[PDB]
């Protein structure tokens, strides 16, 4: 009876995932989250079965020669091409551009629903981490339907594909592990949906 966005740490889990995909690991936003996931205890509070997180607990604490910051820069910033670009219209748009037709559909939906959540200036709204942060934002605000529509229509149609390629191309134990946690967690959320995920063709 209680909506899944309002229980079992939905907003909490969506923020951790959202922040680690959007902010650099040394940042004020992400560093405390990096510390949490690289330490014992986080598995007890995360909304998945503890035994099924056990490999991730170990994975996150696997030591590596490449630093978290170097991995993050390589994967999310540049200067060279990103292995798995975290913007939705890269996956949903025929021409695979940023600020695509799917980005516009997201923008119009936000407008109609009077959602005042704004991204950084010059940034598209369809960043993977941004959308999770917005979803947590709506959940905190009790906006159940909007949270459900966000995920079903604007995130889940492309996020599984992005995560499949991202996990494959992470090449860093921490960020590979983050990808797998995101895939499991979002797949669990997808199964709790009361409206179906929008089926859209992928071009990447």
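Residue numbers count along the first chain shown, from 1.
- When the mean C-alpha temperature factors of 59 to 67 and 150 to 158 are read from the deposited coordinates, 59 to 67 comes out higher.
- Judged by mean Cα B factor in the deposited record, 45 to 53 ranks above the other of 45 to 53 and 131 to 139.
- Among all modelled residues in this chain, the alpha-carbon of residue 103 has a temperature factor (C-alpha) in the lowest third.
- Ranked within its chain, residue 28 lands in the highest third, by CA B factor from the PDB record.
- Remark: residue 81 belongs to the middle third of its chain, ranked by C-alpha B-factor as recorded.
- The deposited CA B-factor of residue 37 belongs to the middle third of values across its chain.
- When the modelled residues of the chain are ordered by their C-alpha B factor, residue 75 lands in the highest third.
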